[PDB]
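S.K.:
4 protein chains.
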Amino acid sequence: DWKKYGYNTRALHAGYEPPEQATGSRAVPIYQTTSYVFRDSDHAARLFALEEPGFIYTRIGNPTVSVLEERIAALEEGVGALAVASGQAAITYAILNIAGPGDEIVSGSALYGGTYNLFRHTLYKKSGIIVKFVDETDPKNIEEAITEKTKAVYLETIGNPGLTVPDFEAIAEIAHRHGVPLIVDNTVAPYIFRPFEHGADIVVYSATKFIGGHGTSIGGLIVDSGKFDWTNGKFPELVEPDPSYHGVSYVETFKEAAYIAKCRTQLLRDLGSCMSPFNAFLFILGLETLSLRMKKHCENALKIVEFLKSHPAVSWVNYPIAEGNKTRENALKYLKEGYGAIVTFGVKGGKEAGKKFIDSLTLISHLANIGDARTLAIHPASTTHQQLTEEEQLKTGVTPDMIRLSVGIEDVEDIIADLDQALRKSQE
Amino acid sequence: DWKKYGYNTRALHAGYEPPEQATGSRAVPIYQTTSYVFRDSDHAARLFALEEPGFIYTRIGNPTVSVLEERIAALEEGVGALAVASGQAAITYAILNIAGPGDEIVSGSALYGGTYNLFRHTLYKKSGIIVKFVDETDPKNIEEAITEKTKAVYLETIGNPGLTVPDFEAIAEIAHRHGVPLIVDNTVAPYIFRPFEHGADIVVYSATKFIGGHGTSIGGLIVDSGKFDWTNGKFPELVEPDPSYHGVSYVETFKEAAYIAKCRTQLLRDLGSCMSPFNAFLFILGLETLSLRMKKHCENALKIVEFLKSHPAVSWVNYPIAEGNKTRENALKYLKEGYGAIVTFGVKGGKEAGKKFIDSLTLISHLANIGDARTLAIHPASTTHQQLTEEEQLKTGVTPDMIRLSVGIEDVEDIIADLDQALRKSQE
Amino acid sequence: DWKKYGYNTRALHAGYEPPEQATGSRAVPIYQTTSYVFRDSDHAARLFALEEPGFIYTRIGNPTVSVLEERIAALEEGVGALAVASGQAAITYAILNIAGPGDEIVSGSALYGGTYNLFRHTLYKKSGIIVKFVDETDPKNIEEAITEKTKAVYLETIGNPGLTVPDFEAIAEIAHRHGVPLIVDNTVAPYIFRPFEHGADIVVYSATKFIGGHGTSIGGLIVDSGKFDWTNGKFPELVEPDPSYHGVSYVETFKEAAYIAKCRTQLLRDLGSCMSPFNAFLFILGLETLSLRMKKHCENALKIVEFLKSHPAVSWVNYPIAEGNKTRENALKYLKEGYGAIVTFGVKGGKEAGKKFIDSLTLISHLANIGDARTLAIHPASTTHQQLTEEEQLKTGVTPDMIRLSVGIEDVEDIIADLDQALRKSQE
Amino acid sequence: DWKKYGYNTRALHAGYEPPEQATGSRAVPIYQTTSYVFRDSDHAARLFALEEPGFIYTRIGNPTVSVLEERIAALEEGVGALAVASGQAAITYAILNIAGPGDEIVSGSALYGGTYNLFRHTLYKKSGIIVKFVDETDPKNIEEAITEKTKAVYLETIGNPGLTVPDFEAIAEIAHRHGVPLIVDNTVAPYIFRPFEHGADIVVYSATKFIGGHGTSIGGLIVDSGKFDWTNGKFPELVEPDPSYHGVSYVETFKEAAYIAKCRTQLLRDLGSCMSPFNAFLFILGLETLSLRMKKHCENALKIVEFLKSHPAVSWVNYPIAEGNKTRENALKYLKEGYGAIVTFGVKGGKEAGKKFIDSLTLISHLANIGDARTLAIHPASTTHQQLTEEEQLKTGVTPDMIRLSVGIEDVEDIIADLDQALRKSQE
C-alpha cells in the first residue's frame, strides 16, 4: 500500500496485497525454504544477471522476508528496506555500504553500548573505519568534525539511555551541505517519529525491540528514503560499474534505490547476515499492533515518570522532556506522538541501593532488553554499557547510580506498586 | 557426549543431556526469546564480565542455538562451535577473526562462487584483506604464496563444482610451519570427512546444505579444533588485553577455545550475524539423520556417475574419483566413507543442449542449492558462478557446457529415468 | 497472576512467572516435544496415577500449552482452562464432558453455523444427544424446554451474525434452579464481556478469532469457573469412581476443578483434540495485545455502523445496540466495554447487489473468518451458514441479502472508502 | 506422484509437484493461516457447496496439511488421507465415521493402552458404541464375535507391547464376507508393512511416533484405500443424502473416496480435531527419511534382542519373531522389511529389579513414547497401560515385570553398553 493510506492500514496490508495467488492465504506464509525452482534456464539467467525480479535463494531474498521489508518501507515512506539478522547487522551494513578502509563517520555520543563498541573497536580493526564521536546536543559539533574522508553522519533518535534528542533538521542540513547522508537509528521510536520527515536519508531499526514488541525475535532493518544523491564522487561503488555484476551501475539500474540494492546484492550476498523467515513472520505480527502498543508504552512511561519524581527514595529522574533535560526543546519539537518508553532514575544510596532495588522486584523483569511488552529494569553501567570505560560511559549519558526502565504495557498501577515496594526495600 | 561415543549417538544426544530440568522435554525446545531474566545483580554483572556462564541475549547466545553448536563440536571433535546466519557469515567471521586491513589469506581456487566474490571483492573493499588464490592441486603452490602478511590458508574439501580434493596433510604442514591455521570449508562433506583428523585447525560449514539436508533453513557454523597456537605473534587480538572486555586475554581466559570465544564476544556481538533459534531447531533435526542421508547421497551419486559415463548424449563426466580427475588420488586417500553428492557432466551440443536438458526435467529440481534430499540440477556458468569472468570461472573448475547435479536420496531408478528422457530431448 | 492484578498485567504475565528456571527465558518457549523424561520410576508412576503434577505427554499436557491455559483462566477468573485443536473441539468437549446418549441440551438459536451443524446432526448421530433450540430472546423459552434429561444450557454472547444478546443473569438463574450449568461461547467478546460475572459456569472460546487476532492459528479453549455443584445427581461421571483412573472421584480429588480435570483426563486423553505448542505460542502473543485490539475493533465498528446507516445503497444495518435490535437493552446492560466487531447490513437490490458489493472490494478481504486484525466481509447464507435450510438460517438471524462485516483495526477512513466505492458499484 | 515411482521418491515429492506457483518454493511452505481470500462470490459459493476444490478454512483443509495427506496416501497407495490432531483422534474418527449409538466394533486385544481406554470406556459412554475384544491370534475368534450390529474390525499391526502379529489376510476375508471394513493401526510399522496389500481397507497412524520420528509433534492420519463397498446397507450415512450438504450422497459425488470425504466434511468440520500446519511441516520432514530410519531401527532392535537373550540378568525377551512368540509365523509372512523397533524383556528379581534398571540408565530415555530416533525404555504396567486392571493388562500382552524398549538409531554398541551397566545394577 501507498502514501494515500493511513499508518495502521499499511501496517496490516502493505506488501501482501493481494495475498499469494497459489492458495489465497490471508496470513503471510512462512516460506521456510532455501531455494526456489525456476521456470526454465532463461528465467534462471535473467534472475542472476539482475535483469528480472524473482526469488533465487533465501540468503539474498525470501517471500516472507520481503513482505516485512515492503511493509516497513511503506510505513516509513521509504523506497525500500532490507532485513537482516540483528540491529547490529543493520548498523554494520548501513555504514559498510558507503564506507571502508580509510573512511570516516561522524557519530553522536548518545549511543547504545553495542553501537559504541562496533564503532570504536570492531569497525576500526576489521574495516579500517574511523568513527568520530561528538556531542550532538550542539549541531555545530557535527560540522566541526566532518572532513573530506567523512562518509556519513550517524544519530540515534532518543539516546539510549542518555534520553537526549538531537536537532535532526539542523544536522541533516550540515550533512547534506557536506555531501554525506544522515543515518538515524530509530529503534526506540518507531511510529512516534518519522526520521525521513526531518532530514534523515537512511533509517536503521533493531526490529528486536519495539517493532517486534514481544521479546521473541532478533532482527534488524535498513530503510532507504531514496532521496540522497550518491553521484557526488564520495560513493563511487554506487556509481562505477560493479565487476561482481559485470558492469552494473547501481544508480543507473536501480535509480533512487541504488543504496538498498547494493546492501542486498553486495553485503547480504557476501557477508551473509540474513534474517530467518520465521523471525520475519513474527515481526510482521508485531507491526500489526505497533501503533496501539507504542501509544500505551509512552502513556505509561509518562505516568511512571511523574510517580518517580515525587518518590522519597528517588534522587533524580530523566525523560526526553524532563525539565532538566538539555534537549527537551528538541524532544518537544520532533516527538509529537509520545516521548518513548525509556525512563532513567537514581536511587538514594547510590549503586548499592540500586542493587537492592533490582533484587527486590517482583513483576518488572531484570533483563537486558528494551521494547518488550513487559516492563524491564537494569543497571546499565554493569551491563548494556560494561564494554566502556567510566569516562566513556559518561559520554553516552550513563552514570554509576543509574537505573534504566523500559516501561511496558501492563496496567500502570501494577507497575507502580512493584516500583514502590522495591524502592522502599532499597533504603533498608 | 564425548569422544568415547559413536557418531550417531552424538548426533542424537550431544549437547542436550540431560534434557532441560524445568520440564524434562526430550525434544530440544525452541527458545524463541531475545532475553533471559537474571537471578540478581551479581549474576547479571558476572555474566557480562565473562566471569560466569549463562545466557544474556540471543544475539550473543541462545539455548537452542547452543545445543546445535555443542553437538556439531562433538561430531567434529572440536573444542567449540559458533552458529551464524549463513555459510557466508561463517566464512566471513572465520577470516575476520584473525585478519584485517593489510592482511593476506592464501586460498585455493576450487571455490563456490560466493566465496570467490567475498574473497576477491568484498573483503578487499570493506576489510582491506588481500586473498591470494592458488592452484591447490599442488601444495608447493600454497607455500609459494605465503608471506609475512598471511594469516591463514583456506580450502574447500571437495571443490564445488571443480570436484578436486586437496592434499590436506601436506598443506596443513605448510600452514603450521609458517605459523598460520588451515581453515577448511567442509560444507559438501560432513560425516564423510573429518578435517581435524588431517591438519585443519578451523572448520566452517554452510549448515544450509547437507547438514540441514531438507532445504528449509539458511545457516552457518564455525568449529574450532582448539589445537592451533595463537601466541606466535601473528594473532595479537587473541593474546593482548581486549579493551572491550577490560583487559581480557582470550588465550589466558579461554585457553584452547580462544578463537571461537572471540568469534562470539567480538564478531557476533558487534557485526550481528546470529542464527534464529527456529533455524537451529531444524538443523538439529537434520543432524539426527545426517549419516544415513550422506551414505545414501553418495551411493546414489556413484550410480548416477556410472549411468552418465555410458550414455550417448554425454560428452564427459566428473566425480572426485573419476579416472580423469587430477586429484583422484587425494579423493581415494581422504574420503573413505563416500565421495560426495555432487556430479558434473557435459551434454553433446554445448551450452544450448544443456539448456534443453534443464528445461526438459520432470523430477529433478532446477534450482540454486546443493545438499537437499531432492535431486537438483543447474548450469553454473550462468548462476552460482555468474559473478566471475570467463577466465575466473575456469580457475574454479567451471566451464560453459557444464551441468552440475546434486544427487538426492530418491530411488535411483527414478533419478536415472528423469536424466535419460531429458538427455534424449537435448539432442533434438 | 491473581485477581488483585489488572487485566493487561495478567495478559502479559499470568502462567509464566517466574520464567522457566533452566535458562530464564523471558519469552514463553515453544516446547515442540511429544515427551518428557522422568526423574525415576516413582515419579513416572505418581504422574500417571494423578498423585503428583508434571508433564507426561503433549497430547495430555504441554508446558507452552499450559501457560496459555493458565493465562486464560486468570483473565477469566476461572479455576482452570483446557486448550484444544479448535473452537469446535472446545464446544464438543464442553458438552460431551457432561452429556451422552439419551441426554438433552437447551441451546439458543442465535448460533454460528458450525455450532448448529454439530448440535443438530453430528452430536445426535454420533453421540445420541438431543439439542433443543429455543428463542433465547425471551428467557421463559429456556425454562419451557428444560426436562429431566437436560444437562446444560448453551448460549453465545453476541449471536453470530444475528447480533442478539441474551439476558445472561436471568437464564443462569433458570439453569441453576434446574440443576444444570450455563455454558457460554464468548468467542466474539473476549475482554469486553466476562461471562462468569453474569452466571455462566463454563466458557468456551474459538481462540482462532479475536483471541489470536491475527488470523494465523486454529484453536479452542474451555474455561471452568469452578462454581457449579456437580454432585446433584445429574453428573455422575464427575462423582462416581472412574474405572479408567482406578476409582478416582473427580469432585473429591480435584474439588472445584472437577469438570476441567475430566475434560483433560478423559476427553483429551481419549478423543485427542490437542493443541500444538506452536499454535499456543501464537495465541499467547495475541493475548498480550488483546485489550488494545478489542477496543479499536469496537470503536471502528461503531463508526462503520454510523456510516452505513446514512448511506444511500444500504437498506438496513444491524449492531447489538441498533435501534431496531430486539435485545439492545441486554447489549446495553452487559457490554460496558464495546459492542463487538461484527456488523451486518443489506444492500439495495438484494442478493445480486450484495454479490457485486463483495466482488468490488479492494481492501476488505472476502474470506470465511471473523476476528482478524484486517477487515473482513462475506455473504453468510451461501457460506458460514450454507449447511442450513432457508428456514433454519432465519432462526439464527441470517437472511438472504445479508452482508456480514468483521470490522478490523485499519484506519477507519480507509475501511469506509473501500465500503463506499463498493456500495456505489453494487447499484450499477 | 504415482504408483510407478519408488517409495523414497514419493516420500520426497508426492503432493508438492510442482512447487507452489507463487514463488517456486522448493520446501513446503508453512501456511500458518486460518483463512483464504476468495476470487469472487461464485468461487466462495462453489467451494462451500462442494462443487469445486479449493481452500476455505484451516479447520477443514490447509495447503501444508494437504501435502502431508497426499504424500501419505501416495506412500500407502490409498485414494486419500486426512490429517488430525493426534493418533487418538484418527482412531476416534475412523470408527465414528462408520459407527454410532448402538453399533458394534470387533477389536483385537493386542492394543496400546490408550486405544483400550477409548474403546472400553469413552466410546461407550459418549458414543454408545460397544467394542468387542477378541484374541486375534486365532482368526476364528474374530468371526465368532461379528453380529448384525458390527461396523468394522480393528487390528494393530504389531501389538504394542504384546508384539503379536495378526493374520491380516484371513481376518480381512472374514470382515469382507460379513460386509465390514478392516481398519489397521500401522503406527509401529510404516514402510516395513503395507496394510492395503493384505486386506486392510482403512489405515490409521499415530504420526507422532515413527512417521515423525524425532519426538517433536503430536499428530494422526487416516488413510482410505478406496476399495471397500459402502453401499451394502450397513453404512447409510455414506449413501443417503446428507442434510448438512443439501442432499449430497458421498459415494455418488466422491466415489471411491466417499469415506475419507465424510471424515473431512462431517467429523473434522464439526468435532474439530485438526492438525496445525507447523506440525504437518515437521511430519513431512520426517517422511523424507522414514525408510532409512525404519531400516536402522529394525536392524538395531534385532541386535538388541540377541544381546538381551544371552544376558544373565534377563529372564525372557520378546520380539515378533522370537522363538516363543505365538504369532512368529505371521511376523515372518507379513513383515519382509524388518520386525519393528519394539522389544520387551523381563529382569530377574521382578518389578523391583526393573525399577532399578530404569533408574540406572544413562543414555536411554525413561519416557512415555515410542518411535523416537533416541532409544526409550519404560515399565508399561504402571504407565502406558495404568488405566487397565491387572486382568485387562494381561489380555493386551502386558505383565508386571515387563520392560518395553523402543530401540532408536544411536550406535548399537552405545545402546548395549547402557543396557548392560543398568542390568548389572538391577541385581544389586
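Protein chains in written order, with the authors' numbering: chain A, 2 to 429; chain B, 2 to 429; chain C, 2 to 429; chain D, 2 to 429. For every residue, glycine included, the Cβ atom is placed at its ideal position computed from N, Cα and C.
Helix or strand or just coil, what does DSSP make of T158/C?
M.R.: In the third sequence, residue 158/C corresponds to position 157, counting from 1. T158/C: coil per DSSP, three-state reduction.
S.K.: To the nearest angstrom, how far is the alpha carbon of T376/A from that of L364/A?
M.R.: Locating residue 376/A in the first sequence gives position 375, counting from the first residue. Locating residue 364/A in the first sequence gives position 363, counting from the first residue. The straight-line gap from Cα to Cα measures roughly 8 Å.
S.K.: Under 6 Å Cβ to Cβ from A302/A, same chain only, skipping five residues before and after it: list those, please.
M.R.: The residue labelled residue 302/A in the question sits at position 301 within the first sequence. Same-chain partners within the cutoff: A342, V344, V408.
S.K.: Pull up the DSSP beta-bridge partners for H367/D, would you.
M.R.: Taking the fourth sequence and counting its residues from 1, the one referred to as residue 367/D is at position 366. Paired residue(s): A378/D.
S.K.: Only counting the same chain, and skipping five residues up and downstream in sequence, which positions put a Cβ closer than 6 Å to that of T400/A?
M.R.: To locate residue 400/A, count along the first sequence from 1; it is residue 399. If we look at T400/A and ignore the five residues flanking it on each side, it has no Cβ neighbours.
S.K.: Could you pull out every residue in the same chain whose Cβ sits closer than 8 Å to the Cβ of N142/C, ignoring the five residues on either side in sequence?
M.R.: By 1-based counting over the third sequence, the position of residue 142/C is 141. Excluding residues within five positions, the ones whose Cβ falls inside 8 Å are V135, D136.
S.K.: If I measure Cβ to Cβ from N9/C and keep anything under 7 Å in the same chain, skipping five residues before and after, which residues do I get?
M.R.: Taking the third sequence and counting its residues from 1, the one referred to as residue 9/C is at position 8. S292.
S.K.: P102/D versus chain C: which residues are under 7 Å apart at the beta carbon?
M.R.: To locate residue 102/D, count along the fourth sequence from 1; it is residue 101. Here the neighbours are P102, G129.
S.K.: Closest to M403/C by CA distance: which of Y94/C, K349/C, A418/C is it?
M.R.: Along the third sequence, one-based indexing puts residue 403/C at 402. It is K349/C.
S.K.: Per DSSP, what kind of secondary structure is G220/A in: helix, strand or coil?
M.R.: In the first sequence, residue 220/A corresponds to position 219, counting from 1. Three-state result, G220/A: coil.
S.K.: By the three-class DSSP mapping on this structure, what secondary structure does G200/A have?
M.R.: Working through the first sequence from its first residue, we reach residue 200/A at position 199. If DSSP states are grouped into helix, strand and coil, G200/A belongs with coil.
S.K.: Report buried or exposed for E391/D, applying the criterion of at least 16 other Cβ atoms within 10 angstroms of its Cβ.
M.R.: Looking up residue 391/D in the fourth sequence gives position 390. Looking at its Cβ environment, which holds fewer than 16 other Cβ atoms inside 10 Å, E391/D is exposed.
S.K.: Would you tell me roughly how many angstroms separate the C-alpha atoms of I410/D and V318/B, rounded to the nearest one?
M.R.: Counted from its first residue, the fourth sequence places residue 410/D at position 409. Counted from its first residue, the second sequence places residue 318/B at position 317. Their Cα atoms are separated by approximately 36 Å.
S.K.: Looking at chain B, is there any beta carbon in it that lies within less than 9 Å of the beta carbon of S87/D?
M.R.: Walking along the fourth sequence from the start, residue 87/D turns up at place 86. Taking Cβ atoms only, chain B never reaches closer than 9 Å to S87/D, which makes this a no.
S.K.: Kindly examine the ligand GTP and report whether one of its heavy atoms sits closer than 8 Å to the Cβ of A75/C.
M.R.: Ligands displayed in this structure: none; no statement on the ligand GTP is therefore possible.
S.K.: Count the other C-beta atoms from every protein chain shown that fall within 10 angstroms of the C-beta of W3/A, then say buried if there are 16 or more, exposed otherwise.
M.R.: Within the first sequence, residue 3/A is the residue found at index 2, counting from 1. So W3/A counts as exposed.
S.K.: For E105/C, does the three-state DSSP call read helix, strand or coil?
M.R.: Counting from one through the third sequence, the residue named residue 105/C turns up at place 104. Three-state DSSP puts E105/C in a strand.
S.K.: Using a Cβ cut-off of 9 Å (strictly closer), state whether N161/D contacts chain B.
M.R.: Counting from 1 along the fourth sequence, the entry for residue 161/D is found at position 160. No, no contact with chain B.
S.K.: Which of the three DSSP states, helix, strand or coil, is assigned to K396/C?
M.R.: Position 395 of the third sequence, counted from the start, is the residue given in the question as residue 396/C. Helix, per DSSP.
S.K.: For a contact meaning CB atoms closer than 7 Å, what does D360/D contact in chain C?
M.R.: Counted from its first residue, the fourth sequence places residue 360/D at position 359. Result: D41, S42.
S.K.: Could you list which residues in chain B have their beta carbon closer than 8 Å to that of residue 1/C, in chain order?
M.R.: Because residue 1/C is not part of the residues shown, which for chain C are 2 to 429, the question remains open.
S.K.: Given this structure, state the Cα-to-Cα distance separating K327/D from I130/D, to the nearest angstrom.
M.R.: The residue given as residue 327/D occupies position 326 in the fourth sequence. The residue given as residue 130/D occupies position 129 in the fourth sequence. So the alpha carbons of these two residues sit roughly 30 Å apart.
S.K.: Just to confirm the assignment: which complete alpha helix (DSSP H) runs, minimum length 4, are found wholly within the segment 311–370 of chain C?
M.R.: With a minimum length of 4 residues, the continuous alpha helix (DSSP H) runs that stay inside the segment 311–370 of chain C are 329–335, 351–361.
S.K.: Out of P19/A, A23/A, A45/A, which has the shortest C-alpha to C-alpha gap to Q387/B?
M.R.: Start at 1 with the first residue of the second sequence, and residue 387/B comes out as number 386. Of the candidates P19/A, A23/A, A45/A, the one whose C-alpha sits nearest the C-alpha of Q387/B is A45/A.
S.K.: For the segment 194–206 of chain C and the segment 167–179 of chain C, state whether three or more C-beta atom pairs, one from each stretch, are separated by less than 8 Å.
M.R.: Touching, yes, given that three or more Cβ pairs across the two stretches are closer than 8 Å.
S.K.: Within a Cβ cutoff of 7 Å, which residues of the same chain sit near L288/A, ignoring the five residues on either side of it in sequence?
M.R.: Working through the first sequence from its first residue, we reach residue 288/A at position 287. Excluding sequence neighbours, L288/A sits near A12, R72, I212.
S.K.: When you check each C-beta in the segment 383–411 of chain B against every C-beta of chain D, which residues fall closer than 9 Å?
M.R.: The segment 383–411 of chain B vs chain D, Cβ under 9 Å: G409, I410, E411.
S.K.: Here's a check: name, in chain order, each residue in its chain whose Cβ is nearer than 8 Å to the Cβ of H380/A, leaving out the five neighbours to either side.
M.R.: Counting from 1 along the first sequence, the entry for residue 380/A is found at position 379. Excluding positions up to five away in sequence, the list reads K352, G355, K356, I359, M403, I404, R405.
S.K.: So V29/B and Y17/B are in contact, right, with Cβ under 8 Å, and what is the actual spacing, rounded?
M.R.: In the second sequence, counting from the first residue as 1, residue 29/B sits at position 28. In the second sequence, counting from the first residue as 1, residue 17/B sits at position 16. Yes, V29/B and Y17/B are in contact; Cβ-Cβ is about 5 Å, under 8 Å.
S.K.: Using 9 Å as the threshold, is the C-beta distance between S218/A and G79/A below it?
M.R.: Against the first sequence, residue 218/A aligns to sequence position 217. Against the first sequence, residue 79/A aligns to sequence position 78. Cβ distance not < 9 Å, so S218/A and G79/A don't count as in contact.
S.K.: I want to verify the contact list: residues of chain C whose CB lies under 7 Å from the CB of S366/A, in sequence order.
M.R.: Here residue 366/A is taken as the residue at index 365 of the first sequence, counted from 1. Under the 7 Å cutoff, chain C gives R27.
S.K.: Which residues in chain D sit within 9 Å of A84/C, going by Cβ to Cβ distance?
M.R.: For the purposes of this step, residue 84/C is taken as residue 83 along the third sequence, with counting starting at 1. None at all; the shortest Cβ gap to chain D is about 11 Å.
S.K.: So, with DSSP's three-state summary, where would you put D136/C?
M.R.: For the purposes of this step, residue 136/C is identified with residue 135 of the third sequence, where counting begins at 1. Reduced to three states, the DSSP call for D136/C is coil.
S.K.: Whose C-beta lies closer than 6 Å to the C-beta of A171/B among residues of the same chain, with five residues either side of it excluded?
M.R.: As a position in the second sequence, residue 171/B is number 170, starting the count at 1. Excluding positions up to five away in sequence, the list reads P140.
S.K.: Which residues share a DSSP beta bridge with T151/B?
M.R.: Working through the second sequence from its first residue, we reach residue 151/B at position 150. In DSSP, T151/B forms a bridge with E105/B.
S.K.: Report the rounded CA-to-CA distance for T397/A versus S110/A, giving the unit in angstroms.
M.R.: The residue given as residue 397/A occupies position 396 in the first sequence. The residue given as residue 110/A occupies position 109 in the first sequence. Going by the C-alpha atoms only, they are around 5 Å apart.
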